[PDB]
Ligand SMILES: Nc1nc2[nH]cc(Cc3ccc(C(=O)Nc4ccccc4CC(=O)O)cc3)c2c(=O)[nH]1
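The chain that follows stands alone, in the form solved without the ligand, written as structure tokens.
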């Protein structure tokens, strides 16, 4: 009665594992993971057993594996005891005698084609599934991994890794002291809102994304999803200026890795071109909303109309003429603003150019700060800034990281755009300065959820996330302004369908 585990690497959507008798990919770290998971034992005198079909045995070239016993399931292969590293059995069920008969085996692993994966899943002897989710779907497969029965539950999901611009995860599925929790609950009954834990309750299982993953929430998309759950659990109802009521919690944080993946949310399809188009719009220092609507982008349409520019206190602006906004505060901080149809080249202080200069000539500094919150020009701008501050950091191994502070953040539509926007911005700065992308950390003040997004956000929490895509540039640019959408390649992006959330 030992431990039997399935080890497989399959595509994220199609769940394919092979093509023409070979692997569909060449991921060096995946094979390393295979060797480390199949050699992991406790007793030095026992060995681990690896079960595979004949075609899989032919697939790996009929060459043994060090420190492991290979069990091949075939009806034609000859059985000879001259090689103890390879053993041949006639069926999978009778090959599971390693627990009953052989006491020189600690753990068994099933890893051999769909013929064996199918039978092993139906026979109720497998206790665990080690799954590597490869983000490859362009090519075709002839052997697939069977669907995981409902009896297994995900317990671990690693961060996204990269190998030759290919993204992949690592997942575990499992077939499925205390006086502290009872003392904390009793303390929470005595003190009401006086105990801070009651103000920061853990979200209930009905609003927790993939609740069976209780300890292996390594995948950094959970940083956003779990923040979404915390607002749904203990968010306070707040009426506002109009009728769009929110639920707010104050002081939150989420961080993302940019060294091996691009944090583009996979639990819903995120329009990345419009995110990129608004970022270069910021970088170029532009304030004209018509430049955005001329590129099929309507993010700043409701905040720049004539009705919205006359009920806030203005009204003398053009049709879509936001005032000193993001970009004008990055490239021309302070400085007198006239209209949208002027050239502000050389006015104010250019924080972005000074940032690039300090990143390349003083990397170990601690003043790489880009602010967009100008209290003097708040009442002459269309909407006060939400990404009020961003600080950048050069690690010892030549990586550029980024901190972002947001006073405001709609989790429904704002956060997915801000995460990708400041990740692209950091990668763009990283290439210009000669660095590699590092980490991103988002600090949020008033994290809120609009009431008309509840049904829709509760659908996103029902989707198990997928590995992050890759974002790579084609050419190497000279200045930050020369970036265009033609230079961006989004690789391995396989999101769930869109979620129409109206603003």
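Numbering follows the first chain given and starts at 1.
Although not depicted, the form solved in complex with the ligand is the subject of the following passage.
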Quiz item: Looking in the deposited bound form, is the ligand within 4.5 angstroms of a heavy atom from every one of 299, 414 and 499?
Solution: yes
Exercise. Identify which of 290, 274, 371, 401 has a heavy atom within 4.5 Å of the ligand in the deposited bound form; exactly one of them does.
Key: 274
Quiz item: What is the one choice in 198, 212, 303, 158 with a heavy atom within 4.5 Å of the ligand in the deposited bound form?
Solution: 303
Practice problem: Please determine, with the chain shown alone, which of 406-414, 230-238, 79-87, 201-209 has non-hydrogen atoms within 4.5 Å of the ligand in the deposited bound form. | Solution: 406-414
Practice problem: Examine residue 443 and determine whether its closest non-hydrogen atom to the ligand in the deposited bound form is within 4.5 angstroms. | Solution: no
Quiz item: Would residue 503 count as touching the ligand in the deposited bound form under a 4.5 Å heavy atom rule?
Solution: yes
Quiz item: For residue 383, is any heavy atom within 4.5 Å of the ligand in the deposited bound form, or not?
Solution: yes
